[PDB]
Structures are given as structure tokens and as C-alpha cells.
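Visitor: Let me give you the structure first, and then I'll get to my questions.
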Amino acid sequence: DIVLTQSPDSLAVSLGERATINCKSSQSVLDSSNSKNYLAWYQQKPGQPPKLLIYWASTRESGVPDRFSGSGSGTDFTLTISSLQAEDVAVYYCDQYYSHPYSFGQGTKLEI
Amino acid sequence: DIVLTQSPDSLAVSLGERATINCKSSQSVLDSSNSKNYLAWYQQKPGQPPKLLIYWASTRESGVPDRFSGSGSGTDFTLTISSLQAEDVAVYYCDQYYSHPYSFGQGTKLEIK
């Protein structure tokens, strides 16, 4: 089964700075036939459900601020917040839907 | 945008009994072209990430105990937990991946009575 490991577990950045979160998959999630990486990124705040930010590893979801971006391929992915804003404080997760059982990373806490 | 609303928001159930959680979608998530409901259920405990329980509305993910079952179609879905166990205490979510933006329900907190 595919396991996702995020780094770091907690990240603290100043207001307006760039935030980078990594996710490494034990196996590649890149479909060689369609060139798509079945990897998604989610944001979750206390008392609320997870919210999809990025899918196909680098495609931004509707409604998500443009400062959020995803990159990477195969087994190494990165979520980037170009300029951090107070409202970005939350827990971030990567999730693979390439092969069952689908699985989430352990989560990364982002604070100011 | 399709919005999912769960009911109840929280519930207390006795060990060994059946727990039922409902999810209503503002618009149908059933694709008439292939007969599939793009609806999934997740379980989440404090300090841990969400864990997929059911997808396609009724297909149980591998590794998940048979006491978890999903049913429903179109705009109404149900997650049933039979023979409740102490470790089933968590927040449960439904999630639709039919149309963008994909979306989760608000969550239902299940506790032991």
C-alpha cells in the first residue's frame, strides 16, 4: 500500500513570506499513460472539514486563492503558499488517489 | 457549487448498537451516463488525517471493517456503523467529487453513550 510522509511536521513563517510543505510517496503516483499525478492537497482548520486546494498535483481547485500552488511528480511533491496571510494558519495534508487504498499524509501544521 | 449537509451534527451511541449518519447533497451526484454516485465517506480522529471508508457511495475501501457500510443515491446518502466499538469514536464526513469545487460535509461527531 502507498504511504505518504510530509515534511516538516510543523512550519512557522512570517506574514507575507513563502511557505513550503513537502510530501513524499512510498511509490510513484504518476500514471504513465495520461501523464497525470494522482495527488491532492487539502487545508483544514479547527472545527471544519478538509478543503481541497490542489488536485492532479498542480491543478488549482475552484475558489482557492491563487497564492496556493502545487508542484512535483512521481514520488516528490510540494505545496507552496507564495505569500502567507493570517488566514492561512491551518493543517495541510497531501492525499493520493492513484491506487487503493487511497491515503493521506500525516499533516503539517502551519503557524505565524 | 454542490453543498453537502450532514445530520445529525453529533450523536451518542451505546457500544454494540447501530450508528446512522446521513448526508444530503444540494444537487445530485449520480452520473446518469455511468450510474455512479461520486460520493465518499471519511473517518477522522484528533491529530490524525482523514481515512477513506467508502467510495462510489457503497464500495467499502480495502482494510476497512465490514461494520461500516454506505448506501443511498442521487442526493441522499447514509453511513451505517453496525456493532459500534470504542475505537469508532471520531468525526465522520461525506465528500462529493462529482463537480468542482469538490466538497465535504460539515462533519458529524460520534461519541459513546
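Lettering and numbering for the C-alpha cells are positional, with chains as A, B, ... in the shown order, residues counted from 1 in each chain, and ligands counted from 1 in the shown order.
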Can you check which residues of chain B have any atom within 10 Å of chain A? Use only C-alpha atoms and format it as a list in words.
Guide: residues 1, 44, 47, 48, 49, 50, 51, 52, 53, 61, 62, 63, 64, 91, 92, 93, 94, 95, 100, 101, 102, 103, 104, 105, 106 and 107 of chain B
Visitor: I need the residues from that last selection saved to file as a short mmCIF file (atom, residue, chain, number, x, y, z; two decimals), in the first residue's frame (with N, CA and C atoms), if you can.
Guide:
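The resulting file, part.cif, is reproduced below:
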data_model
loop_
_atom_site.label_atom_id
_atom_site.label_comp_id
_atom_site.auth_asym_id
_atom_site.auth_seq_id
_atom_site.Cartn_x
_atom_site.Cartn_y
_atom_site.Cartn_z
N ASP B 1 -22.27 25.59 -7.03
CA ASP B 1 -21.43 24.63 -6.26
C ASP B 1 -22.32 23.66 -5.49
N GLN B 44 -12.29 10.54 10.86
CA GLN B 44 -11.13 11.31 11.32
C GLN B 44 -11.06 11.46 12.84
N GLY B 47 -5.76 14.80 15.77
CA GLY B 47 -4.34 14.69 15.50
C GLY B 47 -3.98 13.73 14.38
N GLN B 48 -4.99 13.19 13.70
CA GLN B 48 -4.76 12.26 12.60
C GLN B 48 -5.46 12.75 11.34
N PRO B 49 -4.99 12.29 10.18
CA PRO B 49 -5.62 12.72 8.93
C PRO B 49 -6.89 11.92 8.68
N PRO B 50 -7.71 12.38 7.73
CA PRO B 50 -8.96 11.68 7.39
C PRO B 50 -8.59 10.31 6.80
N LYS B 51 -9.46 9.33 6.98
CA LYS B 51 -9.24 7.99 6.45
C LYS B 51 -10.46 7.57 5.63
N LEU B 52 -10.24 7.21 4.37
CA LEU B 52 -11.33 6.80 3.47
C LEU B 52 -12.00 5.50 3.90
N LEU B 53 -13.32 5.54 4.04
CA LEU B 53 -14.09 4.37 4.44
C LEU B 53 -14.87 3.76 3.27
N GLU B 61 -13.73 0.56 1.20
CA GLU B 61 -12.30 0.55 0.90
C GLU B 61 -11.65 -0.69 1.52
N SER B 62 -10.56 -1.17 0.91
CA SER B 62 -9.88 -2.33 1.46
C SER B 62 -9.31 -1.98 2.83
N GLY B 63 -9.23 -2.96 3.71
CA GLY B 63 -8.71 -2.73 5.04
C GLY B 63 -9.73 -2.21 6.04
N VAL B 64 -10.88 -1.77 5.55
CA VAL B 64 -11.93 -1.24 6.42
C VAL B 64 -12.86 -2.35 6.89
N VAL B 91 -14.92 11.80 14.08
CA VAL B 91 -15.77 12.69 13.31
C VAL B 91 -15.87 12.02 11.95
N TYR B 92 -17.08 11.97 11.40
CA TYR B 92 -17.30 11.35 10.10
C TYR B 92 -17.73 12.41 9.10
N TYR B 93 -17.24 12.28 7.87
CA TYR B 93 -17.54 13.22 6.79
C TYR B 93 -17.96 12.54 5.50
N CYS B 94 -18.86 13.19 4.77
CA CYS B 94 -19.20 12.70 3.44
C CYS B 94 -18.47 13.70 2.54
N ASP B 95 -18.21 13.31 1.30
CA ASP B 95 -17.47 14.17 0.38
C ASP B 95 -17.90 13.86 -1.05
N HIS B 100 -16.73 20.29 -9.69
CA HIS B 100 -15.88 21.26 -9.00
C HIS B 100 -16.68 22.50 -8.60
N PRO B 101 -16.41 23.05 -7.41
CA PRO B 101 -15.39 22.53 -6.49
C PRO B 101 -15.90 21.32 -5.70
N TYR B 102 -15.03 20.33 -5.53
CA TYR B 102 -15.39 19.14 -4.76
C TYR B 102 -15.64 19.64 -3.34
N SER B 103 -16.44 18.93 -2.56
CA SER B 103 -16.74 19.42 -1.22
C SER B 103 -17.10 18.38 -0.17
N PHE B 104 -16.73 18.69 1.07
CA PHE B 104 -17.01 17.84 2.23
C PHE B 104 -18.21 18.38 2.99
N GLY B 105 -18.87 17.49 3.73
CA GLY B 105 -19.98 17.88 4.58
C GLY B 105 -19.34 18.55 5.79
N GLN B 106 -20.13 19.09 6.71
CA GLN B 106 -19.57 19.78 7.87
C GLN B 106 -18.99 18.87 8.94
N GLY B 107 -19.30 17.58 8.86
CA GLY B 107 -18.80 16.63 9.83
C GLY B 107 -19.81 16.28 10.91
#
Visitor: Pick out each residue of stretch 41-110 of chain B that DSSP on the backbone tags as strand (DSSP E or B); I need them as a PyMOL selection string.
Guide: chain B and resi 41-44+51-55+59-60+68-73+76-81+90-96+103-104+108-110
Visitor: Could you dump the residues just selected with C-alpha atoms as a compact mmCIF listing (two decimals), in the first residue's frame?
Guide:
# COMPACT_ATOMS: atom_id res chain seq x y z
CA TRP B 41 -17.25 8.76 3.46
CA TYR B 42 -14.27 9.52 5.72
CA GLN B 43 -13.41 8.92 9.39
CA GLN B 44 -11.13 11.31 11.32
CA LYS B 51 -9.24 7.99 6.45
CA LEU B 52 -11.33 6.80 3.47
CA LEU B 53 -14.09 4.37 4.44
CA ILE B 54 -16.44 4.21 1.43
CA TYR B 55 -16.34 5.44 -2.19
CA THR B 59 -17.92 0.41 -2.10
CA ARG B 60 -16.02 -0.22 1.13
CA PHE B 68 -19.02 0.17 8.05
CA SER B 69 -21.48 0.42 5.16
CA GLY B 70 -22.61 3.10 2.75
CA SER B 71 -25.96 3.36 1.00
CA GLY B 72 -28.08 5.88 -0.88
CA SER B 73 -28.21 7.53 -4.29
CA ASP B 76 -29.37 11.30 -0.10
CA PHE B 77 -26.73 9.04 1.39
CA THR B 78 -26.24 7.13 4.61
CA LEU B 79 -23.27 5.74 6.52
CA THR B 80 -24.20 2.90 8.86
CA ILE B 81 -21.91 1.59 11.58
CA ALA B 90 -14.43 10.06 15.68
CA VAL B 91 -15.77 12.69 13.31
CA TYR B 92 -17.30 11.35 10.10
CA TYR B 93 -17.54 13.22 6.79
CA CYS B 94 -19.20 12.70 3.44
CA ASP B 95 -17.47 14.17 0.38
CA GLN B 96 -18.57 14.69 -3.22
CA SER B 103 -16.74 19.42 -1.22
CA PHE B 104 -17.01 17.84 2.23
CA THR B 108 -20.66 14.52 12.40
CA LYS B 109 -19.11 13.83 15.82
CA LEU B 110 -19.81 10.33 17.13
Visitor: Taking only C-alpha atoms into account, which of B:14, B:6, B:26, B:37 comes nearest residue B:97?
Guide: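 Checking each of B:14, B:6, B:26, B:37 against residue B:97, counting only C-alpha atoms, the winner is B:37.
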Visitor: Leaving out residue B:35 and any residue of its chain fewer than 6 positions from it, which residues lie within 12 Å of it when counting only C-alpha atoms, given as a VMD selection string?
Guide: chain B and resid 28 to 29 56 to 57 73 to 74
Visitor: For stretch 21-28 of chain A, find every residue with an atom within 6 Å (counting only C-alpha atoms), except residues of its own chain fewer than 2 positions away, and show them as a list in words.
Guide: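 Listed by chain and then number, they are residues 2, 3, 4, 5, 6, 7, 30, 74, 75, 76, 77, 78 and 79 of chain A.
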Visitor: Let's have the selection written as a compact mmCIF listing (two decimals), in the first residue's frame, with N, CA and C atoms.
Guide:
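And here's part.txt as it stands now:
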# COMPACT_ATOMS: atom_id res chain seq x y z
N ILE A 2 0.37 2.32 -0.63
CA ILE A 2 1.11 3.57 -0.71
C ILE A 2 0.99 4.42 0.55
N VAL A 3 2.14 4.86 1.07
CA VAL A 3 2.19 5.69 2.27
C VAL A 3 2.79 7.06 1.94
N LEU A 4 2.16 8.12 2.44
CA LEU A 4 2.64 9.47 2.20
C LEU A 4 3.24 10.04 3.48
N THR A 5 4.42 10.64 3.37
CA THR A 5 5.09 11.24 4.52
C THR A 5 5.39 12.70 4.23
N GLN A 6 4.86 13.58 5.08
CA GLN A 6 5.06 15.02 4.91
C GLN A 6 6.24 15.54 5.73
N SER A 7 6.83 16.62 5.25
CA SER A 7 7.96 17.27 5.91
C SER A 7 7.85 18.77 5.65
N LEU A 30 2.32 8.61 -10.50
CA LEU A 30 2.23 9.17 -11.84
C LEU A 30 1.74 8.12 -12.82
N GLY A 74 5.80 12.06 -9.71
CA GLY A 74 6.25 10.76 -9.26
C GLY A 74 6.09 10.48 -7.78
N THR A 75 7.15 10.72 -7.00
CA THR A 75 7.13 10.47 -5.56
C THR A 75 7.40 11.69 -4.69
N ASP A 76 7.75 12.81 -5.29
CA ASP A 76 8.05 14.01 -4.52
C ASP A 76 7.20 15.19 -4.94
N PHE A 77 6.43 15.71 -4.00
CA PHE A 77 5.53 16.83 -4.27
C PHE A 77 5.69 17.96 -3.27
N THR A 78 5.30 19.16 -3.67
CA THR A 78 5.41 20.32 -2.81
C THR A 78 4.21 21.26 -2.92
N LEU A 79 3.75 21.76 -1.78
CA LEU A 79 2.66 22.72 -1.74
C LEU A 79 3.34 24.04 -1.40
Visitor: Do you know which residues are at most 7 Å from residue A:69 counting only C-alpha atoms, after dropping those on the same chain fewer than 4 positions away, and could you put them as an NGL selection string?
Guide: :A and (58 or 60 or 79-81)
Visitor: Nearest residue to residue A:73 out of A:59, A:20, A:35, A:108, using only C-alpha atoms?
Guide: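 Counting only C-alpha atoms, the residue closest to residue A:73 is A:35.
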Visitor: Skipping near chain neighbours, those fewer than 6 positions away, what residues fall within 12 Å of stretch 82-88 of chain A using only C-alpha atoms, listed as a compact mmCIF listing (two decimals) with C-alpha atoms, in the first residue's frame?
Guide:
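part.txt, freshly written:
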# COMPACT_ATOMS: atom_id res chain seq x y z
CA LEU A 11 6.29 25.14 9.99
CA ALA A 12 6.38 28.71 11.27
CA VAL A 13 6.71 31.60 8.82
CA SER A 14 6.32 35.38 8.97
CA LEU A 15 3.38 37.26 7.44
CA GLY A 16 3.89 37.72 3.71
CA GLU A 17 6.64 35.13 3.43
CA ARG A 18 6.76 31.96 1.32
CA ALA A 19 5.64 28.68 2.91
CA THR A 20 6.78 25.32 1.54
CA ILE A 21 5.41 21.91 2.54
CA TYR A 42 -6.01 19.79 1.47
CA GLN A 43 -6.27 22.56 4.08
CA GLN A 44 -8.08 22.02 7.38
CA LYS A 45 -8.90 24.44 10.20
CA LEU A 53 -6.68 23.12 -2.68
CA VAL A 64 -8.88 28.56 -3.95
CA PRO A 65 -6.66 31.69 -3.70
CA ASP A 66 -4.05 31.93 -6.46
CA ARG A 67 -1.27 32.13 -3.86
CA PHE A 68 -1.66 28.37 -3.40
CA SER A 69 0.23 26.19 -5.86
CA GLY A 70 1.35 22.60 -6.17
CA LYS A 109 0.83 22.47 10.97
CA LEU A 110 1.49 25.96 9.62
CA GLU A 111 1.68 28.84 12.10
CA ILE A 112 2.71 32.51 12.08
Visitor: What lies within 8 Å of residue B:111 using only C-alpha atoms, ignoring chain neighbours under 2 positions off, as a PyMOL selection string?
Guide: chain B and resi 10-13+89-90+109+113
Visitor: Quick one, how far is atom CA of residue A:36 from atom CA of residue A:57?
Guide: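 Calculated distance between atom CA of residue A:36 and atom CA of residue A:57 is 8.0 Å.
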Visitor: Interatomic distance between atom CA of residue B:5 and atom CA of residue B:98?
Guide: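 Calculated distance between atom CA of residue B:5 and atom CA of residue B:98 is 15.5 Å.
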Visitor: Hey, which of B:58, B:19, B:75, B:88 ends up closest to residue B:3? Count only C-alpha atoms.
Guide: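 Nearest to residue B:3: B:75.
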